[PDB]
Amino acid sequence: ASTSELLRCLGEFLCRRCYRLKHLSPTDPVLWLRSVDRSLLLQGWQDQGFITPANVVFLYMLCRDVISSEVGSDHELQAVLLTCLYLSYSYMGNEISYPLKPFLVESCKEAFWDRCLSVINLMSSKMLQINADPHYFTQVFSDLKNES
């Protein structure tokens, strides 16, 4: 039930999923996520940090159905994980509206907004169901813990 331990699991999951990434550390995801959360706090977009156990579980749900095994670079993985994160902020965030500079790691901004609309068309039903159905939250919560 610890945030850092659940972040670690997600990072270990992402490493397992993306076999092609030979020089990816399970700390790189954790670093990227904590960098965004810190950046928004110290710029005054939020009072508290977003990354809590339930939100990391929410993020994992998105990640496991969006992040393809065939991710061809660590850079492309960051671009996707952060697209999944941005949507977690937008859907579960307390503050009404979050910027996209901290989340954007591609030159081509058009490419990012296209990924958002894909991830939404795919997950919007599950994004609501994980809230609506407590059994499904627990299933995802367990699955995340079983990724270390």
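For clarity, a rigid core is taken as the largest C-alpha set superposing within 1.5 Å between two forms. Each residue number is its position in the shown sequence, starting from 1.
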query = Do the Cα atoms of 97-105 stray more than those of 38-46 in 6 other deposited structures of this protein, or is it the other way round, with the core held fixed?
reply = 38-46
remark   = Once average C-alpha B-factors are taken from the entry for 107-115 and 50-58, the winner is 107-115
key: Of 76-84 and 40-48, the stretch whose C-alpha atoms average the higher B-factor in the entry   = 40-48
Record-listed C-alpha B factor of residue 94: chain third = highest
ask   = Based on the entry's values, in what third of the chain does the Cα temperature factor of residue 127 lie: lowest, middle or highest?
value = lowest
key: Chain thirds of CA B-factor: placement of residue 63   = middle
note = Of the three thirds of Cα B-factor ranks in this chain, residue 23 occupies the highest
message = How does the C-alpha B factor of residue 120 compare with the rest of the chain: lowest, middle or highest third?
response = middle
